[PDB]
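Okay, here we've got a single chain as structure tokens, the form deposited in one PDB entry, with questions on binding and movement later.
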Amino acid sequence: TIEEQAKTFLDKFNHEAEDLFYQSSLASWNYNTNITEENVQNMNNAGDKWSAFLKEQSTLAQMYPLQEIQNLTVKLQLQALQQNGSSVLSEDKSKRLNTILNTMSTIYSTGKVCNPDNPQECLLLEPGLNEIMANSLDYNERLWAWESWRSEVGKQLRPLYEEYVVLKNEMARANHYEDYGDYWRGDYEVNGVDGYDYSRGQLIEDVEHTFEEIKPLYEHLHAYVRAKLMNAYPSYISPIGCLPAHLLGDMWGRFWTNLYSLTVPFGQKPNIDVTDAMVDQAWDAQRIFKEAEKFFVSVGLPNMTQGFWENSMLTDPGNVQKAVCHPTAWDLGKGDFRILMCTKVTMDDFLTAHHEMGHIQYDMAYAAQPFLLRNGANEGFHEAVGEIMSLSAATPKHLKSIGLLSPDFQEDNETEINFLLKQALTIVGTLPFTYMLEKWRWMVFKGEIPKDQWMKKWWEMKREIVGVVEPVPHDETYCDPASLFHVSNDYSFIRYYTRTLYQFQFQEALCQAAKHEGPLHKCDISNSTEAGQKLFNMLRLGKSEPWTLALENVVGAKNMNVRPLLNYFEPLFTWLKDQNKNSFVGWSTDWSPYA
């Protein structure tokens, strides 16, 4: 039989990959933990080897056509190896694309912009331009950073992105995909499981339909923030118009986290930031992550491996070796789990420990599975697991139980609202940003937006869906999208919208399993084994089951739900409407500060 002829190919595959994959994930770790011209080369060699293996492997797995397979697990594994890349394009084309990809990710990383009126020492996005966008209250300066980044990095990236859009589509169509867009939407595509199938288009619709129910809550926050922004930036905000893009707490307005200073409901109540308490308890990065360890043990998951503590880097290495410090978890296989994090005794970092040590628990649970089915159920399942961790490590009950918050300071309705806004500014703020951004690309790939009207339908859309207006007019020399990481780093972005729904869609269930009594915003599940089990029963599967069924194992649904998210922030949606009573709720795309 071919089913068994195949079963034989996967077992030989599993054996040789696990070796070559470990060998490559180690070199990537080695490099990020010690940037050296040497570590680079190794990384490159290790990767060049893995790529060639997967190339041959895919070619071989085409020779086991799916219609003869009856078994599910084997077809998933075969679909994986069969689909994906396939270097369907010529060597000539399949190399330029790499160049474009690298060069695009190169200019962004090496991006340096100087003062258009005072250029002596140009500044880099991190940490200068970002520091200005996070901290400045000076309209003129925030505007200098914003435009400059898009006036230079985005323009030089414009010519490249167009080529990228072309070849990427060729590969997708040659990979049996309408456009490179339809491809990225395949991650959610479920075929073969009856009652749990999912199309590459059902997502766009769900995305849209799920995003409607959200419009009630986002407008009311848009209003509130609009109002507080007029207070801060005095002559620059129309009481009915969109919000200048450069006034949003970061460079793209991706998040509105850094506007709390300017939007707090009650500046009187002391902020939760327990960073000081930690500095007072003199917690060390080891304590922070070990404190994280105790959390999962309480819910019924295991301790970290020792090799985790032996191998992981939880502190800035030093000036002896340069190390990329993006908080990151790693799975190399052969039992090897590690985290790479330059921890800084802070409440954020503290919370980030719990996210990164959520992937490790996820990465572990599903290490019983075969190579190809050692992955999260979809591109959004991993992030959601990490977030639900933070959502309970911040519950004051947790902070008080932990001892970072004295048993005093009982929560008052004022403190709760401060929390739900702090939260909404970040979690809610990004869904429209995210939806808009992707949808722009979805269309760009669909060929629906000509280049001559790229940047037109860009802002046209930021004003319609997001409520954000360009502080300055941009022509077709500009590639503002490209001036965000995920764009010039060729990364599917919708994962953030889906994970946000799943995280609430998940917590409610585990909290219900934890038999939590009050609002979900104060559910610690810091000693709920029952809930740790329910999780482990989705975690342990990896990509073995389709995500629809995985979702059901825990929630009671086969498609993302918004109404759990709406219940979370609902005590702020009611207080937001009351505040926005005498205010205008909604925006006018026509308004422009530059008109």
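Counting begins at 1, following the sequence as shown. Definition used throughout: the rigid core is the maximal C-alpha set that superposes within 1.5 Å between two forms.
The form deposited in another entry is left out here; the points below concern that form.
A.B. asks: Scan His176, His209, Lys334, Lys95 for the one whose CA shifts by 2 Å or more between the shown form and the other one after superposing the rigid core, and name it.
C.D. replies: One residue passes the 2 Å cut-off, namely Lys334.
A.B. asks: Against the rigid core, is the Cα displacement of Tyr22 between the shown form and the other one at least 2 Å?
C.D. replies: After core superposition, the C-alpha of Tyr22 moves 2 Å or more between the shown form and the other one.
A.B. asks: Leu167: with the rigid core matched between the shown form and the other one, does its Cα shift 2 Å or more?
C.D. replies: No; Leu167 is a residue whose C-alpha shifts by less than 2 Å between the shown form and the other one when the cores are overlaid.
A.B. asks: With both forms fit on the core, is the shift of the CA atom of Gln156 between the shown form and the other one 2 Å or larger?
C.D. replies: For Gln156, whose C-alpha is compared between the shown form and the other one after core superposition, the shift is less than 2 Å.
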